[PDB]
Amino acid sequence: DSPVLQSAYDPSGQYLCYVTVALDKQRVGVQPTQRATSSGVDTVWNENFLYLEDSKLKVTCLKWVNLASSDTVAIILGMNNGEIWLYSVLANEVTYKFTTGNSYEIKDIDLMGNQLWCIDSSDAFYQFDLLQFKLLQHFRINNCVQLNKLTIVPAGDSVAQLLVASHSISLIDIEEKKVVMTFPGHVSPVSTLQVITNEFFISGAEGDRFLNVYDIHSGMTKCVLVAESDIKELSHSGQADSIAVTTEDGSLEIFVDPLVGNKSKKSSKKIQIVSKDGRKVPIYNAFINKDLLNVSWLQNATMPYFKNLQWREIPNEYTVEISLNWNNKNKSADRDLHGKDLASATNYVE
Amino acid sequence: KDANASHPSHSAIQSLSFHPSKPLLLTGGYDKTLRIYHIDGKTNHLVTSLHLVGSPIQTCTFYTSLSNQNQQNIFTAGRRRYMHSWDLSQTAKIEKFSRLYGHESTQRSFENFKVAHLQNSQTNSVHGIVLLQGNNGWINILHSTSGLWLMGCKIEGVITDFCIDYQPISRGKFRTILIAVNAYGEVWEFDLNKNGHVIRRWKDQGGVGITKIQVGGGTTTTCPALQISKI
Amino acid sequence: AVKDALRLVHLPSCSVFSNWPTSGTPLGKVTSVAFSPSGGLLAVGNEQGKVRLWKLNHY
Amino acid sequence: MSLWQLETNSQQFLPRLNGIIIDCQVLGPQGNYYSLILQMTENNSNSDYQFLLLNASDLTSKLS
Amino acid sequence: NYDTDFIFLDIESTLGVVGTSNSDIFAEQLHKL
Amino acid sequence: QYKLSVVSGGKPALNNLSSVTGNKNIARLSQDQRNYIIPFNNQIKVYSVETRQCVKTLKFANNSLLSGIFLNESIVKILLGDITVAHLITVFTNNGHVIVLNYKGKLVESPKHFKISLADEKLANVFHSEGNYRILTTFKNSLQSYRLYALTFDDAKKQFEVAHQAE
Amino acid sequence: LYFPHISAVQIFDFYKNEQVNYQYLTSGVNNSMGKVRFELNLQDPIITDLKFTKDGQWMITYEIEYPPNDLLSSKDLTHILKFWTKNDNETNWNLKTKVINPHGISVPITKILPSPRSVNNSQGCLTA
Amino acid sequence: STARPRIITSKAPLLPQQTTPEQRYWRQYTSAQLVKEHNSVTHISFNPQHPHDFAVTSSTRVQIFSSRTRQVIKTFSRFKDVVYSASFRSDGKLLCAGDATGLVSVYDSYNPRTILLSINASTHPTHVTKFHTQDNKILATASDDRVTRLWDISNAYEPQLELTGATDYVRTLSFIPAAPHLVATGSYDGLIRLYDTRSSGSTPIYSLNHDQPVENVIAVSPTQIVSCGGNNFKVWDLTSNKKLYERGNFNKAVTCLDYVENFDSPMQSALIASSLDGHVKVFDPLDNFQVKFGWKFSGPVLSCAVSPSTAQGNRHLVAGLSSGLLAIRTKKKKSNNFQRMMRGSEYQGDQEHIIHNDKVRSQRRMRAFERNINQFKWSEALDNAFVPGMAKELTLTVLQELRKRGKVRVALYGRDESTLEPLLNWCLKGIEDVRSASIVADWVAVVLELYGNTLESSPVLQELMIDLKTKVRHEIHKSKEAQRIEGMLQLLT
RNA sequence: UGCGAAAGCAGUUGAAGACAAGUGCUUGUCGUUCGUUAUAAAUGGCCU
Ligand SMILES: [Mg+2]
């Protein structure tokens, strides 16, 4: 129902990467979310794109390599071939291609510094080093019959344990190569497994209106966050200060201090976009850092637009109003209202 | 998924065209509308629409200049005495061609036309030509941008259809050959790079009531080139 | 002239394709046809105002 | 303004300009624009020039 | 003129008036393209 | 209390030479063909063709060099870009001053002012095809005579040198 | 800023320093044809005076039409006076009334003075 | 570039008694049919509802005329002696009429056979019988008994109220809109008596003095009532109880009066007043009741009426004459497979993003003479000037345009006596009128200067100049007279 | 051309040089000058 198959903000929240299909081929592009740069030069549409030369080929998971950490701004793309590509946006070319020996599609990827992790349809974990460009080890854990998601816990500066998800969620240690804890997940496959803070990671599943907040150390559901309609995309602010969920029906909901009756909490601020005429525009991604919330919606067919708003002052239910062309009388700059050429002198009529 | 599900057409789809590079499709009809769709194959939403009051749409096509690839434009025509051109979003830059420069007699409707690339050999510059169908065997050739009348070509009997062919000569050189056919079946072949002079004549064996003529296997309106070496 | 009046021809064999179109394929009165420059998409319009889109797997 | 077609010696016209045409030119790689200078000889006290830039496509004032 | 100032016209037809960070580089490279 | 200041513009400037015809226009259209530069008597206006509005005005009064030079001298030509070297223009006036200005921005208070060497010659026209520059100039029955020099900018001396070609 | 050009009025915006309009306020061969050779000797009507009421909705014009040469009626100038009106949004003045030969025949209207705001709410004028 | 100016038709300064927008609308009551009736038509009324057929009382019969057909469609002849009114009820279903015998009969309109209610109002004649506008049930009756009984359709045996106090014949009853309680009656005493039905009644609330016998009283608006009596009609205001206006343009005694408001005319409201001098004239209530139009008829006019506001079709002006003549004036008011092949023309782009229109509006076709001026056919433009059935004003232009263009001699070079005669023949006629006198003076001089020699050898032209010389001389005498009058006036002032 | 009203009241249209044509002479011309306030006529008519 949306032309944008997969989307992802950068860590800073300035640049959005989205993948869409042109005829039978997918194309990947990166565009500047902010209206104007720090230098004051207006941002412009980026026509440069990366085209996948094969129709069969598809992008399954996209991940930003942090802009500050690495000299070259890069985005890592997992592909259904079973190989991972490193994409540097400036050169508009894939710099290096990480290939696993097997051919199964990558279901999730996640990154910390040099450590790069991926999981296949064959339920095998893998490791990769960005600098050395090598496959370090690959192992299969028992009692992991599917792995729809992967997230590496933010512990120190090294990866000591990983969060992986199927209909149920699991925590695994790299060194012992065995599960540590098991959490009761959702009935449907898990869609989002982002880690809000220490000992608190949230979970959501396809075709579900609820998010479970799980404690890593203990394992009890701290809270169940509720959406008005299904959940598609997730973004958290700071450290559990606020959470933004992109609902499937096209609305953005904001949870305020969700980590503070108590068990099941509902979204406090709901955001929607409606054009002047009356048509509603769905939202397909969002980002919320401290007090600025970024809303991205599609105009034309795949032209993405952006808006920045301060959610603190916004009332509970707020609908942005946007000018979209509709029965717009076309006014050419070289004619007046009656079609006469502007240079022409008006004639004398008694 | 059908392309028109996103926004239906209220009249027949009189012409279709795929943009040379971008993934866009243009439709027109006697509804007097120009609908452009973004064909993905799964959603096919509507990029834009443009209503041309009192200009029934009989044929449409995208045009990308062979030198300045940034140039994009849409030519549309009908059973009317004027042709529209839309350069490529608050407003639309639409230009109306309604001057034939002394040949208004031969051309009383633009409803049939095609667009091709002409290389002015003495200068080696390449521009667009809009080709038209006259009254009695007359083919009018206009400059695409300025609208100037460049040359005219004539055949015997009622002109029914015509098609454009390119013949490379050397690195950076190519000649435009205009193929026209009569209702009975004579085929002419003008060389538009030498003032519209016939170069060959033949007959389509067993041709009677010819209706449309087309060429393929190389460059043409449906498979345009993007640089001179691709002709 | 008549509904479903469309055929595809292989070249240079000049042998018309037999599997497609079929009796059940929707074409109506085919009144406009367009091939995509790449990807082998085929868009066929009809008098009803519908542009039905097909894909050629070979391209 | 008269455009003489020299192939067949025909002509096309752009009449009723605001003044007499002191100058004409074709300004563009493909003759996109015609640049004109007008005089408005009515005002005999002063020389009242007006510069026009016309779009060759439809002969309409792109910039006056 | 009806506000305080006065306008005057010169034979040169001149109406005078008498009156009382890696992200920042990335933004630049993106704009250049 | 009261003060005097110029506000509006004035008549467009022209190549007021009887001999030259078809060259009376000195305005130019940018290389990208998105804006038209028209020199007036007291300023230079840059109009955007797409919007038909005056995007920029370069007034002679504001800048110091222009005020001294023009405020009698007139622009005999405008050349897009800069000869010595993307929004630069070079203005040649009849006496011989060559000034390198910029539109689409804020005018720089020290343009790369130069001065061609002419001996009792009034510069009439300048023109180029590809890095080659020729200048036509008038010297003195009431009929003026013309001379054609070849103009080149030498980087070492940063001066415009003129070599005689025709008379 | 309104300029009484020969047979026309040119409306110019000096805040923006551009022309906004150019309207022909007389009859005569103005733009119907291009005068050439002898026709060039013809003199179009000349707008001698142009003034506005204080309220600013009414435009008064005074015009002199010059007869052609070498006819019997080649020495009887025609003095015309016209009243126009427009709304603020509109850009073209519309002629509302026309007086032919005010004050008598061949007697000039040297001066026009729009009335002050007190009398008829600025909807009047004096001619001398 | 600019589109060519359209040649401006000449307009000489406005002369007195110009056509006014009020007159232009009322002159469209063109089609006139005169019908003859046995006796004087006394009263005329219009059905308030569609199709608004109007009833006319004459002799012993009432006739209903169709609005579209303008012919009798129903006839009520049951009345034994003369009939005196045909007012409809507000709904338009019923029709009430009076008799000399005094009985009041209520018939179902459009069913003359059926009689619904018969009332013996009084032994004296019953001249006025009107239904109440606000309330349907109550019916009013006026008699020469000088009592205006207020009847009720449900109870006919006794009157609901019996207003009295008039010392002369009562022939006029009016009900004031928006004040249903109030009732207004006028007698030949010269007093208009106003009564309140809510109170006990039988004694007027107050009397307005009209000073002449009152022939009809009409309530123009909720606060104004206009009464026509004697040689004038005076409009009264009840709140102040004094006359705002009076008009005495009429000569004979006004007889009837009718009012209509909110119809498609330039004038919002119209007051038509019969004269008995053969006149029925229109007055404008928004303009202090000033005249705007009038018609003259063969004999005295005894009744007037105009179609109601919601006519919904051709309007009618009806007048009644004592001779029995009735005058009516009227203001008249492929294959499916093909269609599917072209179904888009109806669309107006309501669902589209951008609407772009460039078609130039169609201008009126330009006449032949304008075509010749525009193409610089000077001589032909002169010929087209003098053609049979050419309106005088248009001809005067093409002479003026050519003079303004400076092409007078150019238009007269290639001419002989055969083709010069039309110009002189017009000039022979143009010289009379004040507007073209100056222009003809100009052209006539040129042809003499340019065809002196030709004139000598052609005898026909010589006569044209003698006849011309006669009439120009006659014009001098008229102008000289006008000067003497003008001097004569200055002496008086 | 000056003044004035629009009407008018006064006043001008000189000299040199050069070229062309006809036959040193005659006439006509000036993208030549000095001085005084100081017929036309290359078949040649305006878009969609
Ligand atoms: Mg069938």
# chains A, B, ... in the order shown; residues from 1 in each chain; ligands from 1
>>> select_by_dssp(residues="chain D", states="strand (DSSP E)", output="PyMOL selection string")
chain D and resi 2-5+10-13+21-27+33-38+50-55+60-63
>>> write_last_selection(atoms="N, CA, C and O atoms", output="CSV table (one decimal), in the first residue's frame")
chain,number,residue,atom,x,y,z
D,2,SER,N,8.5,40.7,-39.0
D,2,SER,CA,8.3,39.8,-40.1
D,2,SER,C,9.5,38.8,-40.1
D,2,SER,O,10.6,39.1,-40.1
D,3,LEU,N,9.1,37.5,-40.0
D,3,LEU,CA,10.0,36.4,-40.2
D,3,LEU,C,9.9,36.0,-41.6
D,3,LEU,O,8.9,35.4,-42.0
D,4,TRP,N,10.9,36.2,-42.4
D,4,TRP,CA,11.0,35.8,-43.8
D,4,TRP,C,11.5,34.4,-43.9
D,4,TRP,O,12.6,34.1,-43.4
D,5,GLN,N,10.7,33.5,-44.4
D,5,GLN,CA,11.2,32.1,-44.8
D,5,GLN,C,11.8,32.2,-46.1
D,5,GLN,O,11.1,32.5,-47.1
D,10,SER,N,8.3,32.9,-48.1
D,10,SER,CA,7.1,33.2,-47.4
D,10,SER,C,7.4,34.0,-46.2
D,10,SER,O,8.5,34.4,-45.9
D,11,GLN,N,6.4,34.3,-45.4
D,11,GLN,CA,6.6,35.0,-44.1
D,11,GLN,C,5.6,34.8,-43.1
D,11,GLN,O,4.4,34.4,-43.4
D,12,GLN,N,6.0,35.0,-41.8
D,12,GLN,CA,5.1,34.9,-40.7
D,12,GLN,C,5.2,36.3,-40.0
D,12,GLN,O,6.3,36.9,-40.1
D,13,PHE,N,4.2,36.7,-39.2
D,13,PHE,CA,4.2,38.0,-38.7
D,13,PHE,C,3.9,38.0,-37.2
D,13,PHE,O,3.2,37.1,-36.7
D,21,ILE,N,10.5,48.6,-34.4
D,21,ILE,CA,11.5,47.7,-34.0
D,21,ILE,C,12.9,48.3,-34.4
D,21,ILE,O,13.2,48.2,-35.6
D,22,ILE,N,13.6,48.8,-33.5
D,22,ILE,CA,15.0,49.3,-33.8
D,22,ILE,C,15.9,48.1,-34.1
D,22,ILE,O,16.8,48.2,-34.9
D,23,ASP,N,15.7,47.0,-33.3
D,23,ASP,CA,16.7,45.9,-33.4
D,23,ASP,C,16.0,44.5,-33.2
D,23,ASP,O,15.0,44.5,-32.5
D,24,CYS,N,16.5,43.5,-33.9
D,24,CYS,CA,16.0,42.1,-33.7
D,24,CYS,C,17.2,41.2,-33.6
D,24,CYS,O,18.3,41.6,-34.1
D,25,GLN,N,17.1,40.1,-32.9
D,25,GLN,CA,18.1,39.1,-32.8
D,25,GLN,C,17.5,37.8,-32.5
D,25,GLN,O,16.4,37.7,-31.9
D,26,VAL,N,18.3,36.7,-32.8
D,26,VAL,CA,17.9,35.3,-32.3
D,26,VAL,C,18.9,34.9,-31.3
D,26,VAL,O,20.1,34.8,-31.6
D,27,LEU,N,18.5,34.7,-30.1
D,27,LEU,CA,19.3,34.6,-28.9
D,27,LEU,C,19.1,33.2,-28.3
D,27,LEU,O,18.2,33.0,-27.5
D,33,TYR,N,14.8,32.1,-28.1
D,33,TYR,CA,14.3,33.4,-27.8
D,33,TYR,C,14.7,34.4,-28.8
D,33,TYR,O,15.8,34.4,-29.4
D,34,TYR,N,13.7,35.3,-29.1
D,34,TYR,CA,14.0,36.5,-30.0
D,34,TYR,C,14.1,37.7,-29.1
D,34,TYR,O,13.2,38.0,-28.3
D,35,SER,N,15.1,38.5,-29.3
D,35,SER,CA,15.3,39.7,-28.5
D,35,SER,C,15.1,40.9,-29.4
D,35,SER,O,15.7,41.0,-30.4
D,36,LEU,N,14.2,41.8,-28.9
D,36,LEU,CA,13.8,43.0,-29.7
D,36,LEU,C,14.0,44.2,-28.9
D,36,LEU,O,13.9,44.2,-27.7
D,37,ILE,N,14.3,45.3,-29.6
D,37,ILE,CA,14.3,46.7,-29.1
D,37,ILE,C,13.2,47.5,-29.7
D,37,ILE,O,13.1,47.5,-31.0
D,38,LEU,N,12.4,48.1,-28.9
D,38,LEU,CA,11.3,48.9,-29.4
D,38,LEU,C,11.6,50.4,-29.0
D,38,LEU,O,12.3,50.7,-28.1
D,50,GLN,N,12.2,50.1,-25.2
D,50,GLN,CA,11.7,49.0,-24.4
D,50,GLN,C,12.3,47.7,-24.9
D,50,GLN,O,12.2,47.5,-26.2
D,51,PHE,N,12.8,46.9,-24.1
D,51,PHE,CA,13.5,45.7,-24.5
D,51,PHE,C,12.5,44.5,-24.3
D,51,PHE,O,12.0,44.3,-23.2
D,52,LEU,N,12.3,43.7,-25.3
D,52,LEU,CA,11.4,42.6,-25.3
D,52,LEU,C,12.2,41.3,-25.5
D,52,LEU,O,13.2,41.3,-26.3
D,53,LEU,N,11.9,40.2,-24.8
D,53,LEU,CA,12.4,38.9,-25.0
D,53,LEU,C,11.2,38.0,-25.2
D,53,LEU,O,10.4,37.8,-24.3
D,54,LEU,N,11.0,37.5,-26.4
D,54,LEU,CA,9.9,36.7,-26.9
D,54,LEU,C,10.3,35.2,-26.9
D,54,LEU,O,11.5,34.9,-27.4
D,55,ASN,N,9.4,34.3,-26.5
D,55,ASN,CA,9.6,32.9,-26.7
D,55,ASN,C,9.3,32.5,-28.1
D,55,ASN,O,8.2,32.8,-28.6
D,60,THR,N,5.4,34.9,-27.7
D,60,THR,CA,4.8,35.6,-26.6
D,60,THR,C,5.9,36.2,-25.6
D,60,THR,O,6.9,35.5,-25.4
D,61,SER,N,5.6,37.3,-25.1
D,61,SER,CA,6.6,38.1,-24.4
D,61,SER,C,7.1,37.4,-23.1
D,61,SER,O,6.4,37.3,-22.1
D,62,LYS,N,8.3,36.8,-23.2
D,62,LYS,CA,8.8,36.1,-22.0
D,62,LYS,C,9.4,37.1,-21.0
D,62,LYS,O,9.4,36.8,-19.8
D,63,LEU,N,9.8,38.3,-21.4
D,63,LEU,CA,10.3,39.3,-20.5
D,63,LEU,C,10.3,40.7,-21.2
D,63,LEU,O,11.0,40.9,-22.2
>>> interface_residues(of="chain B", to="chain F", cutoff="12 Å", atoms="only C-alpha atoms", output="number ranges by chain")
B: 68, 70, 87, 91-93
>>> interface_residues(of="chain D", to="chain E", cutoff="12 Å", atoms="only C-alpha atoms", output="count of residues only")
4
>>> interface_residues(of="chain A", to="chain G", cutoff="12 Å", atoms="only C-alpha atoms", output="MDAnalysis selection string")
chainID A and resid 336:338 341:350
>>> select_by_dssp(residues="chain E", states="helix (DSSP H, G or I)", output="number ranges by chain")
E: 22-32
>>> write_last_selection(atoms="N, CA and C atoms", output="tab-separated table (two decimals), in the first residue's frame")
chain	number	residue	atom	x	y	z
E	22	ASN	N	31.72	15.75	9.94
E	22	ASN	CA	31.53	14.93	8.74
E	22	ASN	C	30.16	15.17	8.12
E	23	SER	N	29.14	15.40	8.95
E	23	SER	CA	27.81	15.65	8.41
E	23	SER	C	27.79	16.91	7.55
E	24	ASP	N	28.56	17.92	7.94
E	24	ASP	CA	28.56	19.18	7.20
E	24	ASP	C	29.24	19.04	5.84
E	25	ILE	N	30.33	18.28	5.77
E	25	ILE	CA	30.92	17.97	4.47
E	25	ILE	C	29.92	17.17	3.63
E	26	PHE	N	29.27	16.18	4.24
E	26	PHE	CA	28.33	15.36	3.50
E	26	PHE	C	27.20	16.21	2.92
E	27	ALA	N	26.73	17.20	3.67
E	27	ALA	CA	25.71	18.10	3.14
E	27	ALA	C	26.23	18.86	1.93
E	28	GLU	N	27.48	19.32	1.98
E	28	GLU	CA	28.05	20.05	0.85
E	28	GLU	C	28.22	19.15	-0.37
E	29	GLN	N	28.78	17.96	-0.18
E	29	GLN	CA	28.98	17.06	-1.31
E	29	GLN	C	27.64	16.66	-1.92
E	30	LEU	N	26.62	16.48	-1.08
E	30	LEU	CA	25.30	16.14	-1.61
E	30	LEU	C	24.73	17.29	-2.43
E	31	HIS	N	24.89	18.53	-1.95
E	31	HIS	CA	24.37	19.68	-2.69
E	31	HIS	C	25.13	19.88	-4.00
E	32	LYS	N	26.43	19.61	-4.00
E	32	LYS	CA	27.20	19.74	-5.24
E	32	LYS	C	26.67	18.79	-6.30
>>> residues_around(residues="residue 69 of chain F", least_positions_apart="6", cutoff="12 Å", atoms="only C-alpha atoms (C1' of nucleotides)", output="list in words")
residues 42, 60, 61, 63, 75, 91, 92, 93, 94, 95, 96, 97, 98, 99, 113, 114 and 115 of chain F
>>> residues_near_ligand(ligand="ligand 1", cutoff="9 Å", atoms="only C-alpha atoms (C1' of nucleotides) and all ligand atoms", output="PyMOL selection string")
chain C and resi 2-4+28
>>> residues_around(residues="residue 172 of chain B", least_positions_apart="5", cutoff="12 Å", atoms="only C-alpha atoms (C1' of nucleotides)", output="list in words")
residues 66, 67, 119, 120, 121, 123, 124, 125, 126, 167, 227, 228, 229, 230 and 231 of chain B
>>> write_last_selection(atoms="C-alpha atoms", output="CSV table (one decimal), in the first residue's frame")
chain,number,residue,atom,x,y,z
B,66,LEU,CA,19.5,13.7,-27.4
B,67,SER,CA,22.2,16.1,-26.2
B,119,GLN,CA,21.4,16.3,-36.7
B,120,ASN,CA,22.2,19.6,-38.6
B,121,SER,CA,25.3,18.1,-40.2
B,123,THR,CA,26.9,22.4,-37.5
B,124,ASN,CA,26.8,18.9,-35.9
B,125,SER,CA,24.1,20.0,-33.5
B,126,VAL,CA,21.1,17.8,-32.8
B,167,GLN,CA,21.1,5.4,-39.9
B,227,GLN,CA,23.5,9.5,-26.5
B,228,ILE,CA,24.7,9.6,-30.1
B,229,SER,CA,26.7,6.4,-29.8
B,230,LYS,CA,23.5,4.5,-28.9
B,231,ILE,CA,21.8,5.2,-32.2
>>> interface_residues(of="chain B", to="chain D", cutoff="6 Å", atoms="only C-alpha atoms", output="PDB file with C-alpha atoms, in the first residue's frame")
ATOM      1  CA  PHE B  97       2.224  25.656 -31.072  1.00  0.00           C
ATOM      2  CA  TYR B 101       4.414  29.627 -41.179  1.00  0.00           C
ATOM      3  CA  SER B 146      11.212  27.033 -31.486  1.00  0.00           C
ATOM      4  CA  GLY B 147       8.240  25.791 -33.498  1.00  0.00           C
TER       5      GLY B 147
END
>>> atom_distance(atom1="atom CA of residue 119 of chain F", atom2="atom CA of residue 160 of chain F")
14.0 Å
>>> atom_distance(atom1="atom CA of residue 41 of chain C", atom2="atom CA of residue 23 of chain A")
7.4 Å
>>> residues_around(residues="segment 36-42 of chain I", least_positions_apart="4", cutoff="12 Å", atoms="only C-alpha atoms (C1' of nucleotides)", output="list in words")
residues 37 and 38 of chain G; 1, 2, 3, 11, 12, 13, 14 and 15 of chain I
>>> closest_atom_pairs(of="chain H", to="chain I", cutoff="9 Å", atoms="only C-alpha atoms (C1' of nucleotides)", output="Markdown table")
| residue | atom | partner | partner_atom | distance |
| --- | --- | --- | --- | --- |
| H:374 | CA | I:46 | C1' | 8.4 |
| H:375 | CA | I:45 | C1' | 7.1 |
| H:376 | CA | I:45 | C1' | 6.2 |
>>> write_last_selection(atoms="N, CA and C atoms", output="compact mmCIF listing (two decimals), in the first residue's frame")
# COMPACT_ATOMS: atom_id res chain seq x y z
N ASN H 374 -9.57 46.87 -41.72
CA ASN H 374 -8.49 46.12 -41.10
C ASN H 374 -7.50 45.62 -42.14
N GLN H 375 -7.97 45.27 -43.33
CA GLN H 375 -7.10 44.85 -44.41
C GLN H 375 -6.63 46.02 -45.27
N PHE H 376 -6.96 47.25 -44.88
CA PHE H 376 -6.52 48.45 -45.59
C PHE H 376 -7.16 48.56 -46.97
>>> closest_atom_pairs(of="chain B", to="chain H", cutoff="7 Å", atoms="only C-alpha atoms", output="JSON lines")
{"residue": "B:10", "atom": "CA", "partner": "H:344", "partner_atom": "CA", "distance": 6.1}
{"residue": "B:11", "atom": "CA", "partner": "H:344", "partner_atom": "CA", "distance": 4.7}
{"residue": "B:30", "atom": "CA", "partner": "H:344", "partner_atom": "CA", "distance": 4.7}
{"residue": "B:31", "atom": "CA", "partner": "H:344", "partner_atom": "CA", "distance": 3.7}
{"residue": "B:32", "atom": "CA", "partner": "H:344", "partner_atom": "CA", "distance": 6.9}
{"residue": "B:48", "atom": "CA", "partner": "H:353", "partner_atom": "CA", "distance": 6.5}
{"residue": "B:49", "atom": "CA", "partner": "H:353", "partner_atom": "CA", "distance": 5.3}
{"residue": "B:50", "atom": "CA", "partner": "H:354", "partner_atom": "CA", "distance": 4.8}
{"residue": "B:51", "atom": "CA", "partner": "H:355", "partner_atom": "CA", "distance": 4.8}
{"residue": "B:52", "atom": "CA", "partner": "H:356", "partner_atom": "CA", "distance": 5.4}
{"residue": "B:53", "atom": "CA", "partner": "H:357", "partner_atom": "CA", "distance": 5.2}
>>> residues_around(residues="residue 214 of chain A", least_positions_apart="6", cutoff="7 Å", atoms="only C-alpha atoms (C1' of nucleotides)", output="tab-separated table (two decimals) with C-alpha atoms, in the first residue's frame")
chain	number	residue	atom	x	y	z
A	200	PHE	CA	14.84	-2.50	28.88
A	201	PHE	CA	14.18	-3.48	25.27
A	202	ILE	CA	10.84	-3.08	23.52
A	220	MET	CA	9.31	-9.81	33.24
A	221	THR	CA	7.16	-7.61	31.02
A	222	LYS	CA	7.52	-4.14	32.52
>>> closest_atom_pairs(of="chain A", to="chain B", cutoff="6 Å", atoms="only C-alpha atoms", output="JSON lines")
{"residue": "A:21", "atom": "CA", "partner": "B:40", "partner_atom": "CA", "distance": 5.5}
{"residue": "A:22", "atom": "CA", "partner": "B:23", "partner_atom": "CA", "distance": 5.3}
{"residue": "A:23", "atom": "CA", "partner": "B:40", "partner_atom": "CA", "distance": 5.2}
{"residue": "A:300", "atom": "CA", "partner": "B:47", "partner_atom": "CA", "distance": 4.4}
{"residue": "A:301", "atom": "CA", "partner": "B:47", "partner_atom": "CA", "distance": 5.1}
{"residue": "A:330", "atom": "CA", "partner": "B:91", "partner_atom": "CA", "distance": 5.7}
>>> write_last_selection(atoms="N, CA, C and O atoms", output="CSV table (one decimal), in the first residue's frame")
chain,number,residue,atom,x,y,z
A,21,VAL,N,10.9,0.5,-6.0
A,21,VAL,CA,11.0,-0.2,-7.3
A,21,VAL,C,10.7,0.7,-8.5
A,21,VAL,O,9.7,1.4,-8.4
A,22,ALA,N,11.6,0.7,-9.5
A,22,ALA,CA,11.4,1.4,-10.7
A,22,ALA,C,11.2,0.3,-11.8
A,22,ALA,O,12.2,-0.4,-12.2
A,23,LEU,N,10.0,0.1,-12.4
A,23,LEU,CA,9.7,-0.9,-13.3
A,23,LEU,C,10.0,-2.3,-12.5
A,23,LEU,O,9.3,-2.5,-11.5
A,300,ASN,N,3.6,13.2,-4.6
A,300,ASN,CA,3.7,12.6,-6.0
A,300,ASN,C,3.5,11.1,-5.8
A,300,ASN,O,2.5,10.7,-5.3
A,301,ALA,N,4.5,10.3,-6.3
A,301,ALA,CA,4.4,8.9,-6.1
A,301,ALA,C,5.5,8.4,-5.2
A,301,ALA,O,5.2,7.5,-4.3
A,330,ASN,N,-4.0,26.9,-13.4
A,330,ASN,CA,-2.6,27.1,-13.8
A,330,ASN,C,-2.5,28.5,-14.2
A,330,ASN,O,-3.1,29.0,-15.2
>>> residues_around(residues="residue 15 of chain D", least_positions_apart="4", cutoff="9 Å", atoms="only C-alpha atoms (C1' of nucleotides)", output="JSON, numbers by chain")
{"D": [1, 2], "G": [33, 34], "H": [1, 2], "I": [46, 47]}
>>> write_last_selection(atoms="C-alpha atoms (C1' of nucleotides)", output="PDB file, in the first residue's frame")
ATOM      1  CA  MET D   1       7.979  41.904 -36.938  1.00  0.00           C
ATOM      2  CA  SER D   2       8.343  39.791 -40.077  1.00  0.00           C
TER       3      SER D   2
ATOM      4  CA  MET G  33      -2.011  49.871 -37.495  1.00  0.00           C
ATOM      5  CA  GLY G  34       1.577  50.959 -37.893  1.00  0.00           C
TER       6      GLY G  34
ATOM      7  CA  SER H   1       1.650  41.742 -29.186  1.00  0.00           C
ATOM      8  CA  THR H   2      -1.941  42.839 -28.619  1.00  0.00           C
TER       9      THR H   2
ATOM     10  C1'   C I  46      -0.454  43.933 -39.762  1.00  0.00           C
ATOM     11  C1'   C I  47      -0.263  36.050 -37.844  1.00  0.00           C
TER      12        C I  47
END
>>> closest_atom_pairs(of="chain C", to="chain H", cutoff="12 Å", atoms="only C-alpha atoms", output="Markdown table")
| residue | atom | partner | partner_atom | distance |
| --- | --- | --- | --- | --- |
| C:1 | CA | H:341 | CA | 11.2 |
| C:29 | CA | H:341 | CA | 10.4 |
| C:31 | CA | H:341 | CA | 10.7 |
| C:46 | CA | H:341 | CA | 10.7 |
| C:47 | CA | H:341 | CA | 7.1 |
| C:48 | CA | H:340 | CA | 8.5 |
| C:49 | CA | H:344 | CA | 10.1 |
